[PDB]
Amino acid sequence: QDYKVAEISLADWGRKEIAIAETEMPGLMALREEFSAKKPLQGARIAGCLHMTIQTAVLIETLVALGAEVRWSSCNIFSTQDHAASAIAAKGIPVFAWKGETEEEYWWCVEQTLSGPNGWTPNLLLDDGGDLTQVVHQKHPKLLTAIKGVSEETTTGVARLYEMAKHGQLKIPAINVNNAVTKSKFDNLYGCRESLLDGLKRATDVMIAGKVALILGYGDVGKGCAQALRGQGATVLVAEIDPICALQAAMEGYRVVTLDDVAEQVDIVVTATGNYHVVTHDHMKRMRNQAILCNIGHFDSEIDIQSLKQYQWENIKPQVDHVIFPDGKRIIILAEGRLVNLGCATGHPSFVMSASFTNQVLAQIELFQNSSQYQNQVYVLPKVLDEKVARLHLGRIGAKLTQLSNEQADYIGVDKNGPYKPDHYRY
(Lines of atoms letter the chains of each structure in order from A and count residues from 1; the text may use other names and numbers.)
(Lines give C-alpha, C1' and ligand atoms only; values in the text may rest on other atoms or scores of the structure.)
Protein backbone atom coordinates (compact mmCIF):
# COMPACT_ATOMS: atom_id res chain seq x y z
CA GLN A 1 0.00 0.00 0.00
CA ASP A 2 1.71 3.13 -1.32
CA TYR A 3 -0.32 5.46 0.91
CA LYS A 4 -1.08 6.12 4.56
CA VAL A 5 -4.52 7.26 5.73
CA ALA A 6 -6.60 6.89 8.88
CA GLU A 7 -9.34 4.58 7.57
CA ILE A 8 -9.66 3.48 3.94
CA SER A 9 -13.32 2.48 4.46
CA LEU A 10 -14.25 6.18 4.56
CA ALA A 11 -13.63 6.34 0.80
CA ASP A 12 -17.29 5.92 -0.21
CA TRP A 13 -18.32 8.91 1.91
CA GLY A 14 -15.44 10.86 0.35
CA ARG A 15 -16.56 9.96 -3.17
CA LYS A 16 -20.10 11.11 -2.39
CA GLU A 17 -18.92 14.53 -1.21
CA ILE A 18 -16.44 14.80 -4.09
CA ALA A 19 -19.34 14.29 -6.51
CA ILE A 20 -21.18 17.21 -4.89
CA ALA A 21 -18.06 19.39 -4.85
CA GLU A 22 -17.51 18.87 -8.58
CA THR A 23 -20.83 20.62 -9.22
CA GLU A 24 -19.55 23.61 -7.19
CA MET A 25 -16.12 23.75 -8.88
CA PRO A 26 -16.73 24.74 -12.51
CA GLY A 27 -13.18 25.99 -13.08
CA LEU A 28 -11.64 22.60 -12.38
CA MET A 29 -14.32 20.79 -14.36
CA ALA A 30 -13.82 23.17 -17.29
CA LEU A 31 -10.09 22.42 -17.29
CA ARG A 32 -10.91 18.71 -17.43
CA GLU A 33 -13.23 19.36 -20.38
CA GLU A 34 -10.60 21.46 -22.16
CA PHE A 35 -7.48 19.41 -21.43
CA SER A 36 -8.21 15.81 -20.37
CA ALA A 37 -7.90 14.47 -23.92
CA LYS A 38 -4.70 16.35 -24.83
CA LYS A 39 -3.18 15.52 -21.41
CA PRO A 40 -0.82 18.53 -21.11
CA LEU A 41 0.58 17.15 -17.82
CA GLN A 42 1.53 13.74 -19.23
CA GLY A 43 5.04 13.31 -17.87
CA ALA A 44 4.46 15.64 -14.93
CA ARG A 45 5.43 14.18 -11.54
CA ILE A 46 3.99 16.48 -8.88
CA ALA A 47 4.91 16.45 -5.21
CA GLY A 48 2.02 18.22 -3.45
CA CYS A 49 1.76 19.64 0.08
CA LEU A 50 -1.68 21.17 0.55
CA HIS A 51 -4.59 20.60 2.99
CA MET A 52 -6.06 17.18 2.10
CA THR A 53 -9.70 18.26 1.90
CA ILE A 54 -12.59 17.26 -0.36
CA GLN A 55 -11.82 20.33 -2.46
CA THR A 56 -8.16 19.34 -2.78
CA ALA A 57 -9.31 15.87 -3.87
CA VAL A 58 -11.00 17.55 -6.86
CA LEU A 59 -7.74 19.39 -7.57
CA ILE A 60 -5.75 16.15 -7.39
CA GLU A 61 -8.12 14.30 -9.70
CA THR A 62 -7.99 17.22 -12.15
CA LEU A 63 -4.19 17.04 -12.25
CA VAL A 64 -4.39 13.28 -12.82
CA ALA A 65 -7.09 13.65 -15.49
CA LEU A 66 -4.68 15.97 -17.31
CA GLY A 67 -2.00 13.25 -17.26
CA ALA A 68 0.01 14.00 -14.11
CA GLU A 69 1.26 11.53 -11.54
CA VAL A 70 1.19 12.94 -8.02
CA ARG A 71 2.20 12.11 -4.46
CA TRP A 72 0.36 14.13 -1.83
CA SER A 73 0.62 15.30 1.76
CA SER A 74 -1.23 17.87 3.83
CA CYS A 75 0.39 21.15 4.85
CA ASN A 76 -1.20 21.09 8.32
CA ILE A 77 -1.46 18.41 11.02
CA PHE A 78 -5.20 19.06 11.53
CA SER A 79 -6.48 20.07 8.09
CA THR A 80 -6.93 16.65 6.47
CA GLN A 81 -10.46 15.38 5.94
CA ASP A 82 -9.90 11.66 6.41
CA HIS A 83 -12.71 10.65 4.05
CA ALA A 84 -11.23 12.84 1.32
CA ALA A 85 -7.80 11.25 1.82
CA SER A 86 -9.35 7.79 1.68
CA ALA A 87 -11.16 8.54 -1.58
CA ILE A 88 -7.83 9.58 -3.12
CA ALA A 89 -6.01 6.55 -1.69
CA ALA A 90 -8.72 4.23 -3.02
CA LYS A 91 -8.04 5.57 -6.53
CA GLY A 92 -4.47 4.34 -6.18
CA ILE A 93 -3.07 7.87 -5.84
CA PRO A 94 -0.25 8.03 -3.23
CA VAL A 95 -1.45 10.20 -0.35
CA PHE A 96 0.09 10.48 3.12
CA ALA A 97 -2.35 12.42 5.28
CA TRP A 98 -4.67 12.13 8.28
CA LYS A 99 -6.29 14.49 10.75
CA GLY A 100 -4.30 14.75 13.97
CA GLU A 101 -0.76 14.00 12.81
CA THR A 102 2.13 14.47 15.17
CA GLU A 103 4.87 16.82 14.00
CA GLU A 104 7.13 13.83 13.32
CA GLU A 105 4.36 12.23 11.27
CA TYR A 106 3.77 15.51 9.42
CA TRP A 107 7.33 15.75 8.14
CA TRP A 108 7.42 12.01 7.42
CA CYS A 109 4.36 12.54 5.19
CA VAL A 110 6.09 15.36 3.29
CA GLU A 111 9.14 13.14 2.84
CA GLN A 112 7.03 10.34 1.34
CA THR A 113 6.07 12.72 -1.46
CA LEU A 114 9.67 13.02 -2.68
CA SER A 115 10.34 9.38 -3.59
CA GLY A 116 8.04 6.64 -4.80
CA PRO A 117 8.34 3.04 -5.95
CA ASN A 118 10.47 2.28 -9.01
CA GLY A 119 12.66 5.37 -8.66
CA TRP A 120 9.79 7.87 -8.82
CA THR A 121 10.91 11.43 -8.09
CA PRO A 122 8.99 14.67 -8.65
CA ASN A 123 9.81 17.18 -11.36
CA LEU A 124 7.25 19.68 -10.00
CA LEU A 125 6.29 20.99 -6.56
CA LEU A 126 2.87 22.26 -5.50
CA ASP A 127 3.15 23.92 -2.10
CA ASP A 128 0.94 25.71 0.43
CA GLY A 129 3.00 27.50 3.08
CA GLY A 130 6.56 26.73 1.93
CA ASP A 131 7.25 23.58 3.98
CA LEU A 132 7.71 21.32 0.95
CA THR A 133 9.86 23.98 -0.72
CA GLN A 134 11.94 24.14 2.47
CA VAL A 135 12.43 20.37 2.75
CA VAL A 136 13.62 20.08 -0.85
CA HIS A 137 15.99 23.07 -0.71
CA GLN A 138 17.43 22.32 2.73
CA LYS A 139 17.43 18.49 2.83
CA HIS A 140 17.36 17.24 -0.81
CA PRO A 141 19.49 19.57 -2.96
CA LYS A 142 20.06 16.73 -5.44
CA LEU A 143 16.32 16.74 -6.23
CA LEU A 144 16.39 20.46 -7.07
CA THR A 145 18.13 19.92 -10.42
CA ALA A 146 15.20 17.87 -11.68
CA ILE A 147 12.49 20.20 -10.28
CA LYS A 148 11.10 22.44 -13.01
CA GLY A 149 9.46 24.78 -10.49
CA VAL A 150 7.07 25.27 -7.60
CA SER A 151 3.62 26.85 -7.53
CA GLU A 152 2.82 28.36 -4.13
CA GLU A 153 -0.70 28.76 -2.73
CA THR A 154 -0.56 31.16 0.22
CA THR A 155 0.71 34.52 1.42
CA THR A 156 3.13 33.06 4.01
CA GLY A 157 4.64 30.69 1.45
CA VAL A 158 5.24 33.59 -0.94
CA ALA A 159 6.83 35.64 1.84
CA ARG A 160 9.22 32.74 2.41
CA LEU A 161 10.00 32.61 -1.34
CA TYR A 162 10.73 36.36 -1.46
CA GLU A 163 13.20 36.03 1.41
CA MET A 164 14.86 33.02 -0.23
CA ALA A 165 15.20 34.92 -3.52
CA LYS A 166 16.60 38.02 -1.79
CA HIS A 167 19.35 35.88 -0.22
CA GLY A 168 20.10 33.74 -3.28
CA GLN A 169 18.54 30.62 -1.72
CA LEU A 170 15.82 30.07 -4.34
CA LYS A 171 17.10 27.46 -6.81
CA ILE A 172 13.94 26.89 -8.92
CA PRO A 173 11.34 29.10 -10.60
CA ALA A 174 8.28 29.85 -8.47
CA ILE A 175 4.77 30.80 -9.57
CA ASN A 176 2.98 32.88 -6.94
CA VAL A 177 -0.58 31.56 -7.13
CA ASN A 178 -1.67 33.48 -4.02
CA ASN A 179 -1.50 36.74 -5.95
CA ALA A 180 -3.66 35.79 -8.84
CA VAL A 181 -6.53 38.23 -8.37
CA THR A 182 -8.93 35.28 -8.54
CA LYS A 183 -7.10 33.74 -5.58
CA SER A 184 -6.10 36.53 -3.14
CA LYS A 185 -9.27 38.62 -3.57
CA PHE A 186 -11.63 35.63 -3.40
CA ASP A 187 -10.27 32.67 -1.39
CA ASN A 188 -8.44 34.76 1.22
CA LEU A 189 -11.32 37.26 1.58
CA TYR A 190 -14.67 35.58 0.84
CA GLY A 191 -13.46 32.13 1.84
CA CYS A 192 -12.44 33.25 5.33
CA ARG A 193 -15.59 35.40 5.56
CA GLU A 194 -17.44 32.07 5.69
CA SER A 195 -14.94 29.60 7.13
CA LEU A 196 -13.83 31.56 10.22
CA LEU A 197 -17.44 31.49 11.43
CA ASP A 198 -17.60 27.79 10.57
CA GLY A 199 -14.60 27.02 12.78
CA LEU A 200 -15.82 29.17 15.67
CA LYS A 201 -19.37 27.79 15.60
CA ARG A 202 -18.36 24.14 15.35
CA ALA A 203 -15.86 24.51 18.20
CA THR A 204 -18.01 26.30 20.81
CA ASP A 205 -21.55 27.44 21.51
CA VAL A 206 -20.36 31.02 21.89
CA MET A 207 -22.65 33.61 20.40
CA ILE A 208 -21.00 36.17 18.12
CA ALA A 209 -23.62 38.90 18.61
CA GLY A 210 -22.71 41.36 21.35
CA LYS A 211 -19.13 40.08 21.72
CA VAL A 212 -16.03 42.22 21.38
CA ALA A 213 -13.83 40.50 18.79
CA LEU A 214 -10.25 41.53 17.96
CA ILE A 215 -8.78 40.67 14.55
CA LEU A 216 -4.98 40.97 14.37
CA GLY A 217 -4.12 41.88 10.77
CA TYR A 218 -6.31 43.58 8.15
CA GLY A 219 -4.99 42.08 4.93
CA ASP A 220 -7.10 39.88 2.72
CA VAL A 221 -7.83 37.31 5.44
CA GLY A 222 -8.43 39.84 8.22
CA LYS A 223 -10.75 41.86 5.98
CA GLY A 224 -12.90 38.78 5.42
CA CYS A 225 -12.86 37.86 9.11
CA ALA A 226 -13.93 41.37 10.12
CA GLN A 227 -16.86 41.40 7.70
CA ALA A 228 -17.92 37.95 8.97
CA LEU A 229 -18.05 38.90 12.63
CA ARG A 230 -19.49 42.38 12.07
CA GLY A 231 -22.37 40.90 10.10
CA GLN A 232 -23.16 38.57 13.00
CA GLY A 233 -23.39 41.45 15.51
CA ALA A 234 -19.94 41.59 17.08
CA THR A 235 -18.14 44.80 17.92
CA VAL A 236 -15.03 44.33 15.78
CA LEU A 237 -11.63 45.73 16.76
CA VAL A 238 -8.66 45.60 14.39
CA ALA A 239 -4.90 45.72 15.03
CA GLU A 240 -2.49 46.65 12.24
CA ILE A 241 1.15 47.55 11.67
CA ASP A 242 0.47 48.89 8.15
CA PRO A 243 -0.95 52.44 8.13
CA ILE A 244 -2.76 51.93 4.80
CA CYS A 245 -4.52 48.78 6.01
CA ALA A 246 -5.25 50.48 9.34
CA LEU A 247 -6.86 53.40 7.49
CA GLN A 248 -8.98 50.95 5.48
CA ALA A 249 -10.24 49.33 8.67
CA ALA A 250 -11.05 52.71 10.23
CA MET A 251 -13.00 53.77 7.15
CA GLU A 252 -15.16 50.63 7.52
CA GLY A 253 -16.02 51.69 11.08
CA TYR A 254 -13.65 49.45 13.05
CA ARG A 255 -11.69 50.93 15.90
CA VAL A 256 -7.98 50.30 15.29
CA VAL A 257 -6.29 49.33 18.56
CA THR A 258 -3.35 47.38 19.97
CA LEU A 259 -3.64 44.06 21.77
CA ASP A 260 -1.21 45.53 24.33
CA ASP A 261 -4.00 47.97 25.22
CA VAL A 262 -7.18 45.89 24.90
CA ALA A 263 -6.24 42.36 26.08
CA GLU A 264 -8.63 42.50 29.07
CA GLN A 265 -11.53 43.84 26.97
CA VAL A 266 -11.90 41.17 24.28
CA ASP A 267 -14.12 38.09 24.11
CA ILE A 268 -12.62 36.57 20.95
CA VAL A 269 -9.15 37.00 19.45
CA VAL A 270 -8.35 35.97 15.85
CA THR A 271 -4.75 36.15 14.60
CA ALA A 272 -4.56 36.84 10.86
CA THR A 273 -1.11 38.41 10.53
CA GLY A 274 1.20 35.81 9.03
CA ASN A 275 3.65 37.02 11.68
CA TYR A 276 5.42 35.71 14.78
CA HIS A 277 4.20 35.76 18.40
CA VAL A 278 1.57 38.45 17.95
CA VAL A 279 -0.22 36.89 20.95
CA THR A 280 2.19 36.53 23.88
CA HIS A 281 2.02 34.92 27.32
CA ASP A 282 1.19 38.23 28.99
CA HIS A 283 -1.64 38.87 26.54
CA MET A 284 -3.16 35.50 27.38
CA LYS A 285 -2.63 36.00 31.13
CA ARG A 286 -4.67 39.23 30.85
CA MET A 287 -7.56 37.70 28.86
CA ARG A 288 -10.97 37.27 30.47
CA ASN A 289 -12.18 33.90 31.73
CA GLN A 290 -13.47 31.74 28.82
CA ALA A 291 -12.05 34.11 26.20
CA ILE A 292 -11.67 32.37 22.83
CA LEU A 293 -8.28 32.46 21.12
CA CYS A 294 -7.71 31.18 17.61
CA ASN A 295 -5.40 31.59 14.63
CA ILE A 296 -6.44 31.75 10.98
CA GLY A 297 -2.96 32.57 9.66
CA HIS A 298 -0.85 29.81 8.16
CA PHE A 299 1.37 28.91 11.15
CA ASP A 300 0.60 28.37 14.84
CA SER A 301 3.62 30.57 15.67
CA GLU A 302 1.30 33.61 15.55
CA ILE A 303 0.63 32.58 19.19
CA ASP A 304 3.31 31.74 21.75
CA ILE A 305 1.75 28.35 22.49
CA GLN A 306 5.01 27.20 24.14
CA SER A 307 4.43 29.64 27.00
CA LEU A 308 1.37 27.57 28.02
CA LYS A 309 3.22 24.23 28.32
CA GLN A 310 3.32 24.17 32.13
CA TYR A 311 -0.41 24.82 32.53
CA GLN A 312 -3.04 22.11 32.62
CA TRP A 313 -4.71 21.67 29.23
CA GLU A 314 -8.17 20.20 29.77
CA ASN A 315 -9.64 18.89 26.54
CA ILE A 316 -13.24 19.85 25.80
CA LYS A 317 -13.59 17.91 22.53
CA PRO A 318 -11.24 17.31 19.55
CA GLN A 319 -9.32 20.52 18.74
CA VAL A 320 -11.05 22.49 21.54
CA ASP A 321 -9.08 22.90 24.77
CA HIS A 322 -9.15 24.81 28.02
CA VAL A 323 -5.85 26.21 29.25
CA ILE A 324 -6.15 26.57 33.03
CA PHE A 325 -4.08 29.35 34.60
CA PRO A 326 -2.81 29.16 38.20
CA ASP A 327 -5.46 31.61 39.45
CA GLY A 328 -8.17 29.41 37.94
CA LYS A 329 -8.90 31.57 34.89
CA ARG A 330 -9.44 29.53 31.72
CA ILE A 331 -9.02 30.44 28.08
CA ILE A 332 -10.44 28.43 25.19
CA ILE A 333 -7.79 27.72 22.56
CA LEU A 334 -8.91 26.32 19.21
CA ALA A 335 -6.90 23.62 17.36
CA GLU A 336 -3.81 24.29 19.54
CA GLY A 337 -3.34 27.51 17.57
CA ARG A 338 -3.32 25.81 14.16
CA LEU A 339 -5.47 27.14 11.27
CA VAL A 340 -8.92 27.34 12.88
CA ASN A 341 -11.09 27.15 9.76
CA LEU A 342 -9.43 23.89 8.66
CA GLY A 343 -8.75 22.48 12.13
CA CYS A 344 -12.17 23.02 13.73
CA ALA A 345 -14.19 22.99 10.48
CA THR A 346 -13.62 21.98 6.83
CA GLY A 347 -11.89 25.04 5.32
CA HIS A 348 -13.31 27.18 2.52
CA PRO A 349 -16.34 26.04 0.54
CA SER A 350 -15.87 24.43 -2.81
CA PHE A 351 -16.80 27.32 -5.10
CA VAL A 352 -14.04 29.67 -4.02
CA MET A 353 -11.51 26.81 -3.75
CA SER A 354 -12.25 26.10 -7.42
CA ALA A 355 -10.99 29.58 -8.29
CA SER A 356 -7.79 29.05 -6.29
CA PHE A 357 -7.20 25.56 -7.62
CA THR A 358 -7.91 26.48 -11.26
CA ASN A 359 -4.98 28.88 -10.88
CA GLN A 360 -2.89 26.02 -9.45
CA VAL A 361 -3.60 23.77 -12.44
CA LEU A 362 -2.77 26.54 -14.90
CA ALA A 363 0.47 27.24 -13.02
CA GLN A 364 1.49 23.57 -13.18
CA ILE A 365 0.79 23.45 -16.92
CA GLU A 366 2.88 26.59 -17.40
CA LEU A 367 5.80 25.26 -15.34
CA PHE A 368 5.71 21.80 -16.89
CA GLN A 369 5.71 23.18 -20.44
CA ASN A 370 7.69 26.42 -20.16
CA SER A 371 9.89 26.35 -17.04
CA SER A 372 12.92 26.88 -19.31
CA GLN A 373 11.64 30.44 -19.92
CA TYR A 374 11.91 31.29 -16.21
CA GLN A 375 14.77 32.13 -13.89
CA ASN A 376 15.00 31.29 -10.19
CA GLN A 377 12.63 34.10 -9.21
CA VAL A 378 9.00 34.54 -8.16
CA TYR A 379 6.50 35.09 -11.00
CA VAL A 380 2.74 35.52 -11.37
CA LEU A 381 0.50 34.21 -14.14
CA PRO A 382 -0.60 36.75 -16.78
CA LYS A 383 -3.81 38.71 -16.44
CA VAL A 384 -5.53 36.96 -19.36
CA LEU A 385 -5.37 33.70 -17.39
CA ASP A 386 -6.61 35.46 -14.25
CA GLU A 387 -9.57 36.73 -16.29
CA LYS A 388 -10.10 33.24 -17.72
CA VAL A 389 -10.38 31.82 -14.19
CA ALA A 390 -13.07 34.39 -13.37
CA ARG A 391 -14.92 33.72 -16.63
CA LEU A 392 -15.11 30.00 -15.85
CA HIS A 393 -16.92 30.69 -12.56
CA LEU A 394 -19.53 33.21 -13.74
CA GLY A 395 -22.00 30.68 -15.13
CA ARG A 396 -22.49 28.79 -11.86
CA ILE A 397 -23.61 31.93 -10.01
CA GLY A 398 -25.65 33.32 -12.91
CA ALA A 399 -23.62 36.43 -13.74
CA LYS A 400 -24.08 37.80 -17.27
CA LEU A 401 -21.19 39.77 -18.76
CA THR A 402 -21.66 42.84 -20.93
CA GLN A 403 -19.70 42.83 -24.21
CA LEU A 404 -17.75 45.92 -25.27
CA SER A 405 -18.49 47.43 -28.64
CA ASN A 406 -15.52 48.28 -30.87
CA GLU A 407 -15.72 51.97 -29.98
CA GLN A 408 -16.01 51.24 -26.25
CA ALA A 409 -12.97 48.97 -26.31
CA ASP A 410 -11.05 51.69 -28.15
CA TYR A 411 -12.33 54.40 -25.78
CA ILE A 412 -10.78 52.77 -22.69
CA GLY A 413 -7.80 51.32 -24.56
CA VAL A 414 -8.46 47.57 -24.31
CA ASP A 415 -9.01 44.58 -26.54
CA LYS A 416 -12.65 43.42 -26.61
CA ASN A 417 -11.48 40.05 -25.27
CA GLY A 418 -9.20 41.50 -22.60
CA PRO A 419 -7.09 41.94 -20.63
CA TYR A 420 -9.33 44.75 -19.35
CA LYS A 421 -7.17 46.36 -16.63
CA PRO A 422 -3.63 47.74 -16.38
CA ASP A 423 -1.01 45.33 -15.04
CA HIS A 424 -1.00 46.81 -11.53
CA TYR A 425 -4.73 47.43 -11.16
CA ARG A 426 -5.76 46.51 -7.62
CA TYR A 427 -9.48 45.56 -8.00
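The first residue of the shown sequence is 1; numbering continues from there.
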Next item on the list: Can you let me know which of the two, 94 to 102 or 241 to 249, has the higher average C-alpha B-factor in the entry?
Entry: 94 to 102
Note to self: Mean Cα B factor from the PDB record: higher for 370 to 378, or higher for 57 to 65?
What the structure shows: 370 to 378
Checklist line | Highest-ranked of 254, 311, 299, 351 once sorted by CA temperature factor in the record | finding: 311
Next item on the list: Kindly indicate the residue among 118, 341, 235, 178 with the greatest C-alpha B-factor in the PDB record.
Entry: 118
Notebook entry, point to check: Which third of the chain does residue 292 land in by C-alpha B-factor: lowest, middle or highest?
Noted result: lowest
Note to self: Considering every modelled residue of the chain and its Cα B-factor in the PDB entry, is residue 408 in the lowest, middle or highest third?
What the structure shows: lowest
Item checked: Chain-wide C-alpha B factor ranking for residue 402, given as lowest, middle or highest third -> lowest
Notebook entry, point to check: Should residue 187 be placed in the lowest, middle or highest third of its chain by the C-alpha B factor in the entry?
Noted result: lowest
Notebook entry, point to check: Lowest, middle or highest third: where is residue 51 by C-alpha B factor in its chain?
Noted result: middle
